[PDB]
Amino acid sequence: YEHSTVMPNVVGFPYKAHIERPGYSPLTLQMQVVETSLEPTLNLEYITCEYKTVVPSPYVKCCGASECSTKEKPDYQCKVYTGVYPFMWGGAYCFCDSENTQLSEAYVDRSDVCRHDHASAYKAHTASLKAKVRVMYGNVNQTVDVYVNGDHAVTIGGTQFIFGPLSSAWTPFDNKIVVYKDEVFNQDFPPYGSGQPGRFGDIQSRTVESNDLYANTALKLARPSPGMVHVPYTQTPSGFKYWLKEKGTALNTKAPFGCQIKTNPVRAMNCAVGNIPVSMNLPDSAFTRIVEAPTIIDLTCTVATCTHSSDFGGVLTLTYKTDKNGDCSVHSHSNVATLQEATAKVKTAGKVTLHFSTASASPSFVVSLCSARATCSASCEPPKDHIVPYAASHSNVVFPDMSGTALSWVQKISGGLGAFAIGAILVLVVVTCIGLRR
Amino acid sequence: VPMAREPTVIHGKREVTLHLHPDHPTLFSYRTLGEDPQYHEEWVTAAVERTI
Ligand SMILES: *[C@@H]1O[C@H](CO)[C@@H](O[C@@H]2O[C@H](CO)[C@@H](O[C@@H]3O[C@H](CO)[C@@H](O)[C@H](O)[C@@H]3O)[C@H](O)[C@H]2NC(C)=O)[C@H](O)[C@H]1NC(C)=O
Ligand SMILES: *[C@@H]1O[C@H](CO)[C@@H](O[C@@H]2O[C@H](CO)[C@@H](O[C@@H]3O[C@H](CO)[C@@H](O)[C@H](O)[C@@H]3O)[C@H](O)[C@H]2NC(C)=O)[C@H](O)[C@H]1NC(C)=O
């Protein structure tokens, strides 16, 4: 017997579904969302890490001259100087007084620990949702893991379940992402091959083990001071170290809808938004024949106390008359009130109790015990505790019933005004008819 | 790593007054888990009093 329904995508919400087969007693299922995971698809762009300057020893060729030779190294810099007269601890070598030259060399290279501490630049699109749902009905417990899209069917005790695609298509990740350890940043990084010195991405590598490297750190050489051998140079500080100190905020403390961001793999968990359609297919063994279920007649509903609080702050009493004792399915047909139990013990005494939670001043709903029906109305007073540490267990519906006190007063005043207007209309019509008949 | 003491909460009408007692610079941050959150983060150094 195929069935369909929609359930809120709120973790821990006690959703209950009612199935009414016309040849069998009604059945009630319970579905609860334990855990979700929004999984985006990532494309790696480049990898950034702290750089390291390699400066070989100078080659002081003296009583001669040297010529610079080009090389294919990242950000290579080389120059030749004339007129150096170096000194060492034991004295000064290079006999030639002024006909000496020194060749300076330097370039940039990826650091030694780049493969343990680096930042990744990604492109994120087309998130995929995954969830873990707990279902119970009759005597069947169990939790399952399901991809939330209309193309995964899971069987739980002979029943086929298909969880449809999410109603909304909202993702907390922007188009471009920078990932560092366990933090996700919504950042717009410079393109590969166009990095600027001193900022994020001054040196870039296509992959952590890739041989190619593009480095732009404005390495510049300077003439050595007289009588020393030191190869001076100047260079703009590393951009990765700068980014570490002024990245600013994150996405873990910035994401909406109160969902935690985790890494490896990048995902957003327990992130309440939208609705999850559910498609079901149940066998005949789950239902019960109508002859076996007890017959319930003369069902009346009364309310003892009501306080529209987050927890179950309502007590309900049902009176009935039955022939035998067994088990019924208890359901509420309106979302203004949510019942705590899905099954109740029916007995020849004729009194059962239930618990419900509401968020409206004057709720009104219809409750069914097996096949009987009854209508409940209540007057609920506000609670006294200002703040509680647990989520709401109701559907957050505030509009009162048309039979409530405020709506009753509105009805009375409107009826009085309408009666006055109707009397006005009648008098005017009578006068006009008398005038016309003359 | 040490764990800082639990702050003292004072309930109000859709508002919480929060007492903070640090021994050394700790990071304090909060956010509202609605449709449009309201961010904050800070480096608390001495005893303070914040309303959230
Ligand atoms: C031992 O010390 C003597 C010091 O005199 C070195 O002689 C020097 O040798 C260089 C190499 O040829 C000379 O440089 C040349 O200078 C002329 C211009 O004078 C230039 O046209 C050449 O192209 C070349 O650059 C240098 O002049 C010469 N010193 C003097 C005072 O003339 C000698 O080389 C040293 N021995 C060794 C093995 O290094
Ligand atoms: C279906 O299976 C789940 C998981 O086994 C059942 O939930 C479990 O219910 C028991 C009580 O019946 C929980 O034990 C108690 O948990 C409280 C939590 O504060 C603890 O303080 C107690 O000392 C005791 O251990 C158990 O924690 C709970 N499991 C989980 C994961 O929440 C569930 O009841 C089963 N379905 C039905 C209809 O019974």
# chains A, B, ... in the order shown; residues from 1 in each chain; ligands from 1
>>> interface_residues(of="chain A", to="chain B", cutoff="6 Å", atoms="only C-alpha atoms", output="ChimeraX atom specification")
/A:256-258
>>> write_last_selection(atoms="N, CA, C and O atoms", output="PDB file, in the first residue's frame")
ATOM      1  N   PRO A 256      24.666  30.439   8.836  1.00  0.00           N
ATOM      2  CA  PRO A 256      23.282  30.599   9.284  1.00  0.00           C
ATOM      3  C   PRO A 256      22.660  29.255   9.642  1.00  0.00           C
ATOM      4  O   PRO A 256      23.243  28.191   9.437  1.00  0.00           O
ATOM      5  N   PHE A 257      21.452  29.332  10.198  1.00  0.00           N
ATOM      6  CA  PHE A 257      20.627  28.185  10.565  1.00  0.00           C
ATOM      7  C   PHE A 257      21.280  27.287  11.608  1.00  0.00           C
ATOM      8  O   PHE A 257      20.801  26.174  11.847  1.00  0.00           O
ATOM      9  N   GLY A 258      22.361  27.742  12.235  1.00  0.00           N
ATOM     10  CA  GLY A 258      22.951  27.037  13.358  1.00  0.00           C
ATOM     11  C   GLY A 258      23.504  25.666  13.041  1.00  0.00           C
ATOM     12  O   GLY A 258      23.252  24.703  13.772  1.00  0.00           O
TER      13      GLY A 258
END
>>> closest_atom_pairs(of="chain A", to="ligand 1", cutoff="12 Å", atoms="only C-alpha atoms and all ligand atoms", output="JSON lines")
{"residue": "A:61", "atom": "CA", "partner": "ligand 1", "partner_atom_place_in_ligand_line": "39 (O)", "distance": 10.1}
{"residue": "A:62", "atom": "CA", "partner": "ligand 1", "partner_atom_place_in_ligand_line": "39 (O)", "distance": 8.0}
{"residue": "A:63", "atom": "CA", "partner": "ligand 1", "partner_atom_place_in_ligand_line": "10 (C)", "distance": 4.8}
{"residue": "A:64", "atom": "CA", "partner": "ligand 1", "partner_atom_place_in_ligand_line": "25 (O)", "distance": 5.3}
{"residue": "A:65", "atom": "CA", "partner": "ligand 1", "partner_atom_place_in_ligand_line": "25 (O)", "distance": 7.5}
{"residue": "A:66", "atom": "CA", "partner": "ligand 1", "partner_atom_place_in_ligand_line": "25 (O)", "distance": 11.1}
{"residue": "A:93", "atom": "CA", "partner": "ligand 1", "partner_atom_place_in_ligand_line": "2 (O)", "distance": 10.7}
{"residue": "A:94", "atom": "CA", "partner": "ligand 1", "partner_atom_place_in_ligand_line": "39 (O)", "distance": 8.4}
{"residue": "A:95", "atom": "CA", "partner": "ligand 1", "partner_atom_place_in_ligand_line": "2 (O)", "distance": 6.1}
{"residue": "A:96", "atom": "CA", "partner": "ligand 1", "partner_atom_place_in_ligand_line": "4 (C)", "distance": 6.0}
{"residue": "A:97", "atom": "CA", "partner": "ligand 1", "partner_atom_place_in_ligand_line": "31 (C)", "distance": 8.6}
{"residue": "A:98", "atom": "CA", "partner": "ligand 1", "partner_atom_place_in_ligand_line": "26 (C)", "distance": 10.1}
{"residue": "A:99", "atom": "CA", "partner": "ligand 1", "partner_atom_place_in_ligand_line": "14 (O)", "distance": 7.4}
{"residue": "A:100", "atom": "CA", "partner": "ligand 1", "partner_atom_place_in_ligand_line": "25 (O)", "distance": 9.6}
{"residue": "A:101", "atom": "CA", "partner": "ligand 1", "partner_atom_place_in_ligand_line": "25 (O)", "distance": 11.4}
>>> write_last_selection(atoms="N, CA, C and O atoms", output="mmCIF file, in the first residue's frame")
data_model
loop_
_atom_site.group_PDB
_atom_site.id
_atom_site.type_symbol
_atom_site.label_atom_id
_atom_site.label_comp_id
_atom_site.auth_asym_id
_atom_site.auth_seq_id
_atom_site.Cartn_x
_atom_site.Cartn_y
_atom_site.Cartn_z
ATOM 1 N N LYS A 61 85.340 35.603 -7.922
ATOM 2 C CA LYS A 61 86.340 35.391 -8.960
ATOM 3 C C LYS A 61 87.154 36.667 -9.102
ATOM 4 O O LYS A 61 86.606 37.730 -9.417
ATOM 5 N N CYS A 62 88.454 36.562 -8.870
ATOM 6 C CA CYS A 62 89.317 37.728 -8.775
ATOM 7 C C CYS A 62 90.574 37.549 -9.616
ATOM 8 O O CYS A 62 90.998 36.420 -9.878
ATOM 9 N N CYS A 63 91.160 38.676 -10.028
ATOM 10 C CA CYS A 63 92.107 38.720 -11.143
ATOM 11 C C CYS A 63 91.460 38.159 -12.408
ATOM 12 O O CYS A 63 92.071 37.423 -13.182
ATOM 13 N N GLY A 64 90.196 38.527 -12.607
ATOM 14 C CA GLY A 64 89.416 38.091 -13.746
ATOM 15 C C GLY A 64 88.037 38.716 -13.751
ATOM 16 O O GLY A 64 87.850 39.817 -13.223
ATOM 17 N N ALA A 65 87.062 38.029 -14.340
ATOM 18 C CA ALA A 65 85.694 38.523 -14.374
ATOM 19 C C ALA A 65 84.745 37.347 -14.549
ATOM 20 O O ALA A 65 85.143 36.262 -14.980
ATOM 21 N N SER A 66 83.479 37.576 -14.209
ATOM 22 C CA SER A 66 82.454 36.549 -14.303
ATOM 23 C C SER A 66 81.223 37.124 -14.987
ATOM 24 O O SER A 66 80.971 38.330 -14.947
ATOM 25 N N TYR A 93 92.531 37.831 0.769
ATOM 26 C CA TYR A 93 93.040 37.170 -0.422
ATOM 27 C C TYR A 93 92.586 37.960 -1.648
ATOM 28 O O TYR A 93 92.077 39.078 -1.528
ATOM 29 N N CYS A 94 92.775 37.398 -2.845
ATOM 30 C CA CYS A 94 92.591 38.134 -4.097
ATOM 31 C C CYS A 94 93.544 39.330 -4.179
ATOM 32 O O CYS A 94 93.160 40.496 -4.062
ATOM 33 N N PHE A 95 94.817 38.977 -4.348
ATOM 34 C CA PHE A 95 95.917 39.908 -4.570
ATOM 35 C C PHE A 95 95.560 41.123 -5.415
ATOM 36 O O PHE A 95 95.940 42.246 -5.070
ATOM 37 N N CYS A 96 94.856 40.911 -6.523
ATOM 38 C CA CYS A 96 94.499 42.020 -7.396
ATOM 39 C C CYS A 96 93.715 43.068 -6.616
ATOM 40 O O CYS A 96 92.737 42.750 -5.933
ATOM 41 N N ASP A 97 94.156 44.323 -6.718
ATOM 42 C CA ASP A 97 93.665 45.355 -5.811
ATOM 43 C C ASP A 97 92.220 45.732 -6.116
ATOM 44 O O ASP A 97 91.403 45.867 -5.199
ATOM 45 N N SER A 98 91.884 45.906 -7.393
ATOM 46 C CA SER A 98 90.551 46.376 -7.753
ATOM 47 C C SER A 98 89.897 45.490 -8.806
ATOM 48 O O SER A 98 88.697 45.613 -9.065
ATOM 49 N N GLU A 99 90.671 44.597 -9.418
ATOM 50 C CA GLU A 99 90.161 43.747 -10.494
ATOM 51 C C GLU A 99 89.635 42.423 -9.935
ATOM 52 O O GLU A 99 90.118 41.338 -10.252
ATOM 53 N N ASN A 100 88.619 42.535 -9.086
ATOM 54 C CA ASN A 100 87.933 41.387 -8.518
ATOM 55 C C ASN A 100 86.433 41.529 -8.733
ATOM 56 O O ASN A 100 85.904 42.638 -8.841
ATOM 57 N N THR A 101 85.748 40.391 -8.802
ATOM 58 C CA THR A 101 84.307 40.364 -8.990
ATOM 59 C C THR A 101 83.681 39.342 -8.053
ATOM 60 O O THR A 101 84.293 38.334 -7.697
#
>>> closest_residue(among="A:343, A:270, A:69, A:149", to="ligand 2", atoms="only C-alpha atoms and all ligand atoms")
A:343
>>> residues_around(residues="residue 50 of chain B", least_positions_apart="5", cutoff="10 Å", atoms="only C-alpha atoms", output="compact mmCIF listing (two decimals) with N, CA and C atoms, in the first residue's frame")
# COMPACT_ATOMS: atom_id res chain seq x y z
N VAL B 16 19.80 37.46 27.79
CA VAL B 16 20.63 36.79 28.79
C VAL B 16 21.75 37.73 29.19
N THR B 17 21.88 37.98 30.49
CA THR B 17 23.01 38.72 31.03
C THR B 17 24.04 37.71 31.53
N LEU B 18 25.28 37.87 31.10
CA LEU B 18 26.30 36.83 31.24
C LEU B 18 27.50 37.40 31.97
N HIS B 19 27.90 36.76 33.06
CA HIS B 19 29.07 37.16 33.84
C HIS B 19 30.25 36.28 33.44
N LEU B 20 31.39 36.91 33.14
CA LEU B 20 32.58 36.21 32.68
C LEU B 20 33.72 36.43 33.67
>>> closest_residue(among="A:397, A:273, A:184, A:342", to="ligand 2", atoms="only C-alpha atoms and all ligand atoms")
A:342
>>> residues_near_ligand(ligand="ligand 2", cutoff="8 Å", atoms="only C-alpha atoms and all ligand atoms", output="short mmCIF file (atom, residue, chain, number, x, y, z; two decimals) with C-alpha atoms, in the first residue's frame")
data_model
loop_
_atom_site.label_atom_id
_atom_site.label_comp_id
_atom_site.auth_asym_id
_atom_site.auth_seq_id
_atom_site.Cartn_x
_atom_site.Cartn_y
_atom_site.Cartn_z
CA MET A 136 9.68 2.86 14.55
CA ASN A 139 7.47 -3.47 17.28
CA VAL A 140 10.14 -2.52 14.71
CA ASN A 141 12.94 -0.20 15.85
CA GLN A 142 16.16 0.58 13.86
#
>>> residues_around(residues="residue 6 of chain B", least_positions_apart="2", cutoff="10 Å", atoms="only C-alpha atoms", output="JSON list (two decimals) with C-alpha atoms, in the first residue's frame")
[["chain", "number", "residue", "atom", "x", "y", "z"],
["B", 3, "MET", "CA", 39.11, 24.48, 30.52],
["B", 4, "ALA", "CA", 37.73, 27.81, 31.69],
["B", 8, "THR", "CA", 27.06, 32.78, 35.35],
["B", 9, "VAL", "CA", 23.78, 33.23, 33.46],
["B", 19, "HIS", "CA", 29.07, 37.16, 33.84],
["B", 20, "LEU", "CA", 32.58, 36.21, 32.68],
["B", 21, "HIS", "CA", 35.47, 35.37, 35.03],
["B", 22, "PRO", "CA", 38.70, 34.60, 33.13]]
>>> residues_around(residues="segment 110-121 of chain A", least_positions_apart="3", cutoff="7 Å", atoms="only C-alpha atoms", output="ChimeraX atom specification")
/A:44-52,177-180,208
>>> residues_around(residues="residue 354 of chain A", least_positions_apart="4", cutoff="10 Å", atoms="only C-alpha atoms", output="PyMOL selection string")
chain A and resi 303+314-318+330+339-344
>>> write_last_selection(atoms="N, CA, C and O atoms", output="PDB file, in the first residue's frame")
ATOM      1  N   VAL A 303      -9.945  18.266  28.702  1.00  0.00           N
ATOM      2  CA  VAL A 303      -8.604  18.751  29.012  1.00  0.00           C
ATOM      3  C   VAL A 303      -8.553  19.119  30.488  1.00  0.00           C
ATOM      4  O   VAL A 303      -9.438  19.823  30.992  1.00  0.00           O
ATOM      5  N   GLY A 314       0.586  19.700  28.405  1.00  0.00           N
ATOM      6  CA  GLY A 314      -0.850  19.522  28.348  1.00  0.00           C
ATOM      7  C   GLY A 314      -1.273  18.107  28.675  1.00  0.00           C
ATOM      8  O   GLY A 314      -0.618  17.146  28.263  1.00  0.00           O
ATOM      9  N   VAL A 315      -2.369  17.962  29.415  1.00  0.00           N
ATOM     10  CA  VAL A 315      -2.893  16.661  29.809  1.00  0.00           C
ATOM     11  C   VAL A 315      -4.295  16.524  29.235  1.00  0.00           C
ATOM     12  O   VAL A 315      -5.128  17.423  29.397  1.00  0.00           O
ATOM     13  N   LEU A 316      -4.551  15.404  28.568  1.00  0.00           N
ATOM     14  CA  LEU A 316      -5.809  15.161  27.878  1.00  0.00           C
ATOM     15  C   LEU A 316      -6.418  13.858  28.377  1.00  0.00           C
ATOM     16  O   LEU A 316      -5.696  12.905  28.685  1.00  0.00           O
ATOM     17  N   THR A 317      -7.745  13.821  28.458  1.00  0.00           N
ATOM     18  CA  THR A 317      -8.475  12.664  28.960  1.00  0.00           C
ATOM     19  C   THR A 317      -9.546  12.262  27.960  1.00  0.00           C
ATOM     20  O   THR A 317     -10.317  13.108  27.497  1.00  0.00           O
ATOM     21  N   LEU A 318      -9.599  10.972  27.635  1.00  0.00           N
ATOM     22  CA  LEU A 318     -10.575  10.430  26.700  1.00  0.00           C
ATOM     23  C   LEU A 318     -11.472   9.432  27.416  1.00  0.00           C
ATOM     24  O   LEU A 318     -10.981   8.552  28.130  1.00  0.00           O
ATOM     25  N   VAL A 330      -3.166   6.273  18.212  1.00  0.00           N
ATOM     26  CA  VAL A 330      -3.610   7.600  18.619  1.00  0.00           C
ATOM     27  C   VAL A 330      -2.909   8.628  17.745  1.00  0.00           C
ATOM     28  O   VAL A 330      -1.681   8.599  17.604  1.00  0.00           O
ATOM     29  N   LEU A 339       0.941  15.093  19.788  1.00  0.00           N
ATOM     30  CA  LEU A 339       0.809  14.100  20.844  1.00  0.00           C
ATOM     31  C   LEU A 339       2.163  13.484  21.168  1.00  0.00           C
ATOM     32  O   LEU A 339       3.060  13.441  20.322  1.00  0.00           O
ATOM     33  N   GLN A 340       2.310  13.014  22.407  1.00  0.00           N
ATOM     34  CA  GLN A 340       3.569  12.403  22.816  1.00  0.00           C
ATOM     35  C   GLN A 340       3.620  10.923  22.457  1.00  0.00           C
ATOM     36  O   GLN A 340       4.675  10.416  22.060  1.00  0.00           O
ATOM     37  N   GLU A 341       2.499  10.219  22.583  1.00  0.00           N
ATOM     38  CA  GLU A 341       2.437   8.788  22.333  1.00  0.00           C
ATOM     39  C   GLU A 341       1.719   8.513  21.020  1.00  0.00           C
ATOM     40  O   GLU A 341       0.824   9.260  20.614  1.00  0.00           O
ATOM     41  N   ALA A 342       2.122   7.428  20.358  1.00  0.00           N
ATOM     42  CA  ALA A 342       1.474   6.988  19.132  1.00  0.00           C
ATOM     43  C   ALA A 342       0.532   5.812  19.330  1.00  0.00           C
ATOM     44  O   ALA A 342      -0.334   5.589  18.480  1.00  0.00           O
ATOM     45  N   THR A 343       0.681   5.054  20.414  1.00  0.00           N
ATOM     46  CA  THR A 343      -0.219   3.960  20.739  1.00  0.00           C
ATOM     47  C   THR A 343      -0.638   4.074  22.197  1.00  0.00           C
ATOM     48  O   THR A 343       0.114   4.575  23.037  1.00  0.00           O
ATOM     49  N   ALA A 344      -1.845   3.601  22.490  1.00  0.00           N
ATOM     50  CA  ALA A 344      -2.388   3.665  23.837  1.00  0.00           C
ATOM     51  C   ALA A 344      -3.015   2.326  24.194  1.00  0.00           C
ATOM     52  O   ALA A 344      -3.438   1.562  23.324  1.00  0.00           O
TER      53      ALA A 344
END
>>> closest_residue(among="A:172, A:90, A:383, A:83", to="residue 269 of chain A", atoms="only C-alpha atoms")
A:172
>>> select_by_dssp(residues="segment 12-44 of chain B", states="strand (DSSP E)", output="MDAnalysis selection string")
chainID B and resid 16:20 26:29 41:44
>>> write_last_selection(atoms="C-alpha atoms", output="PDB file, in the first residue's frame")
ATOM      1  CA  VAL B  16      20.626  36.790  28.786  1.00  0.00           C
ATOM      2  CA  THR B  17      23.014  38.717  31.030  1.00  0.00           C
ATOM      3  CA  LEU B  18      26.295  36.829  31.244  1.00  0.00           C
ATOM      4  CA  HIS B  19      29.072  37.156  33.837  1.00  0.00           C
ATOM      5  CA  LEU B  20      32.581  36.212  32.682  1.00  0.00           C
ATOM      6  CA  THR B  26      40.208  33.475  26.396  1.00  0.00           C
ATOM      7  CA  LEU B  27      38.147  33.706  23.211  1.00  0.00           C
ATOM      8  CA  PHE B  28      34.406  34.322  23.607  1.00  0.00           C
ATOM      9  CA  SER B  29      32.043  34.170  20.633  1.00  0.00           C
ATOM     10  CA  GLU B  41      33.930  37.255  18.810  1.00  0.00           C
ATOM     11  CA  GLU B  42      36.320  38.816  21.285  1.00  0.00           C
ATOM     12  CA  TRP B  43      39.460  38.280  23.365  1.00  0.00           C
ATOM     13  CA  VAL B  44      38.259  38.634  26.957  1.00  0.00           C
TER      14      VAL B  44
END
>>> residues_around(residues="segment 360-376 of chain A", least_positions_apart="2", cutoff="6 Å", atoms="only C-alpha atoms", output="compact mmCIF listing (two decimals) with N, CA, C and O atoms, in the first residue's frame")
# COMPACT_ATOMS: atom_id res chain seq x y z
N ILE A 296 -14.71 1.06 19.22
CA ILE A 296 -14.78 2.21 20.12
C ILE A 296 -15.97 3.07 19.71
O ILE A 296 -16.07 3.47 18.54
N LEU A 299 -16.93 8.53 21.94
CA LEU A 299 -15.64 9.08 22.33
C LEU A 299 -15.80 10.56 22.66
O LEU A 299 -16.26 11.34 21.82
N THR A 300 -15.42 10.94 23.88
CA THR A 300 -15.46 12.33 24.32
C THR A 300 -14.08 12.73 24.81
O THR A 300 -13.35 11.91 25.37
N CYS A 301 -13.73 14.00 24.61
CA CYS A 301 -12.41 14.52 24.93
C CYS A 301 -12.53 15.67 25.92
O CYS A 301 -13.37 16.56 25.75
N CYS A 328 -4.93 0.53 20.34
CA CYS A 328 -5.33 1.47 19.32
C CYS A 328 -4.13 2.31 18.87
O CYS A 328 -3.07 2.29 19.49
N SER A 329 -4.33 3.04 17.79
CA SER A 329 -3.38 4.03 17.31
C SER A 329 -3.95 5.42 17.56
O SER A 329 -5.08 5.71 17.15
N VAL A 330 -3.17 6.27 18.21
CA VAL A 330 -3.61 7.60 18.62
C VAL A 330 -2.91 8.63 17.75
O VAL A 330 -1.68 8.60 17.60
N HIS A 331 -3.69 9.54 17.16
CA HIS A 331 -3.15 10.54 16.25
C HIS A 331 -3.95 11.83 16.39
O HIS A 331 -5.13 11.81 16.74
N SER A 332 -3.28 12.94 16.10
CA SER A 332 -3.91 14.25 16.05
C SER A 332 -3.85 14.77 14.62
O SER A 332 -2.77 14.80 14.02
N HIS A 333 -4.99 15.19 14.09
CA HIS A 333 -5.11 15.52 12.68
C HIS A 333 -4.77 16.97 12.37
O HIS A 333 -4.88 17.39 11.22
N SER A 334 -4.36 17.74 13.37
CA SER A 334 -3.94 19.12 13.17
C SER A 334 -2.55 19.32 13.76
O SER A 334 -2.20 18.71 14.77
N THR A 358 1.34 22.52 22.83
CA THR A 358 0.77 23.50 21.92
C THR A 358 1.53 24.81 22.06
O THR A 358 2.28 25.02 23.02
N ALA A 378 -9.49 23.80 24.50
CA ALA A 378 -8.83 24.05 25.77
C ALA A 378 -8.49 25.52 25.91
O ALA A 378 -8.39 26.25 24.92
N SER A 379 -8.32 25.95 27.15
CA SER A 379 -7.84 27.28 27.48
C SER A 379 -6.48 27.14 28.17
O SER A 379 -6.39 26.52 29.23
N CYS A 380 -5.45 27.72 27.56
CA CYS A 380 -4.08 27.54 28.01
C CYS A 380 -3.50 28.86 28.49
O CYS A 380 -3.66 29.89 27.83
N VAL A 398 0.36 29.95 16.20
CA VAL A 398 -0.08 30.87 17.24
C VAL A 398 -1.55 31.26 17.09
O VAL A 398 -2.20 31.57 18.11
N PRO A 400 -5.32 31.54 17.27
CA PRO A 400 -6.29 30.79 18.08
C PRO A 400 -7.46 30.31 17.24
O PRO A 400 -7.64 30.68 16.09
N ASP A 401 -8.27 29.45 17.86
CA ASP A 401 -9.46 28.92 17.22
C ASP A 401 -10.53 30.01 17.09
O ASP A 401 -10.55 30.99 17.84
N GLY A 404 -12.41 30.78 20.20
CA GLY A 404 -11.70 31.32 21.34
C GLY A 404 -12.33 32.59 21.86
O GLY A 404 -13.21 33.19 21.25
>>> decode(residues="segment 20-46 of chain B", atoms="C-alpha atoms", output="compact mmCIF listing (two decimals), in the first residue's frame")
# COMPACT_ATOMS: atom_id res chain seq x y z
CA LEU B 20 32.58 36.21 32.68
CA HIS B 21 35.47 35.37 35.03
CA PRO B 22 38.70 34.60 33.13
CA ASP B 23 42.13 33.82 34.54
CA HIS B 24 43.94 34.44 31.24
CA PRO B 25 43.03 35.66 27.73
CA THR B 26 40.21 33.48 26.40
CA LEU B 27 38.15 33.71 23.21
CA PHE B 28 34.41 34.32 23.61
CA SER B 29 32.04 34.17 20.63
CA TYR B 30 28.33 33.72 20.03
CA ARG B 31 25.86 33.68 17.16
CA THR B 32 22.09 33.56 16.73
CA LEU B 33 20.98 30.43 14.87
CA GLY B 34 18.20 32.02 12.83
CA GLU B 35 17.89 32.96 9.17
CA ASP B 36 20.14 36.03 9.56
CA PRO B 37 22.67 35.49 12.36
CA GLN B 38 24.24 38.18 14.53
CA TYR B 39 27.97 37.56 14.83
CA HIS B 40 30.50 38.33 17.58
CA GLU B 41 33.93 37.25 18.81
CA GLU B 42 36.32 38.82 21.28
CA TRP B 43 39.46 38.28 23.36
CA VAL B 44 38.26 38.63 26.96
CA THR B 45 41.07 39.60 29.33
CA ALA B 46 39.53 40.72 32.64
